[PDB]
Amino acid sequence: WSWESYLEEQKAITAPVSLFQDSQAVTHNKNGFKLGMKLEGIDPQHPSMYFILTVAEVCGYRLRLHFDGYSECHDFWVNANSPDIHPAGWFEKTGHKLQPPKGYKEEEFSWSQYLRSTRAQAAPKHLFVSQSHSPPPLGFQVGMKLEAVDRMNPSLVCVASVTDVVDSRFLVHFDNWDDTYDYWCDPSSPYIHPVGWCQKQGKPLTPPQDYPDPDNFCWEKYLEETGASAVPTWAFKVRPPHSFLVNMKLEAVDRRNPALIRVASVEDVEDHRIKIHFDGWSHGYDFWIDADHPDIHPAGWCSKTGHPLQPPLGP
């Protein structure tokens, strides 16, 4: 099986490398993560929370992470250039809470004591693209407020806060709702807007959960009572639309078995999202993904990184 032959038989094209972000495309970086290395990372189910994680498996430029003390059914894959993972000790030097291994208390945990007990190695610092040493997203301070699409109820644009800032990204939280709605952004995110956007647009603004007299929510009053400032309007940047076109081919991580990466096709497109189809499979498995998601790649990515590529289901 080769891309060349397949693109020949299917009279098709891959999405050009130049349509992807550098981080989605890069193949020449070695994976320096090793089995059993320990580190800190975001829980994909609770994006505001940080946990101790151990390298459980490595495949090409990808690694499987395991939550120390918890069940192996929570393991997840990331790329070796993930910004969502950090070296041991990062939480304390940067103002982040670390959830201890299952069974520990928070001040019963130290890295030096834990590495002694486990006889494990911390993943070396030079492996991590994100250590809170890069330029911050200009204008986005912790505690500032903004309006944001609830991506889990995306008809709603809502009162939101910046709750975390790490290198070039920041964490959006929906005031008085739980953290499961939190998501990480940069200043060009198409899902976020300055305070006052909804009313300039003539769109309803969803106030904090159970806010008194929700219809008469007023930004100026809410800001004053919470002792908060709005993110300034100049900090918000326009992201240009992607240029992926229908039928272009690429490589995508399987959401149903994320250890796999499959031959894929652009099935449909929006300004900032693409609908993926896995060639050879039911359209029931098709799915929308943001164009900047870390789990889509140009053709050749698997080959060049040392990851198996799943070829289309044949007859």
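Note that residue numbering begins at 1 and tracks the sequence as displayed. So that the term is clear: the rigid core is the largest set of C-alpha atoms that superpose within 1.5 Å between two forms.
Comparing 160-168 with 222-230 in 7 other deposited structures of this protein, after superposition on the rigid core, the stretch with the greater RMS C-alpha deviation is 222-230.
Root mean square Cα distance to the shown form, taken over structures and residues in 7 other deposited structures of this protein after a core fit, is higher for 93-101 when 80-88 and 93-101 are compared. 165-173 and 102-110 differ in mean CA B-factor, and the higher of the two is recorded for 102-110. For the pair 211-219 and 149-157, the mean B factor over Cα atoms is greater in 211-219.
Listed residues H277, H46, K38, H66 were ranked by CA B-factor as deposited; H277 comes out on top. Out of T180, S134, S117, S229, the entry records its largest CA B-factor for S134. Compared with the other modelled residues of the chain, the Cα B-factor recorded for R256 ranks in the highest third. For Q121, the recorded CA temperature factor ranks within the lowest third of the chain's modelled residues. The entry lists a Cα temperature factor for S265 that places it in the highest third of the chain's modelled residues. In the PDB entry, a CA B factor belonging to the middle third of its chain's modelled residues is recorded for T27. Per-chain ranking of the deposited C-alpha B factor places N81 in the lowest third.
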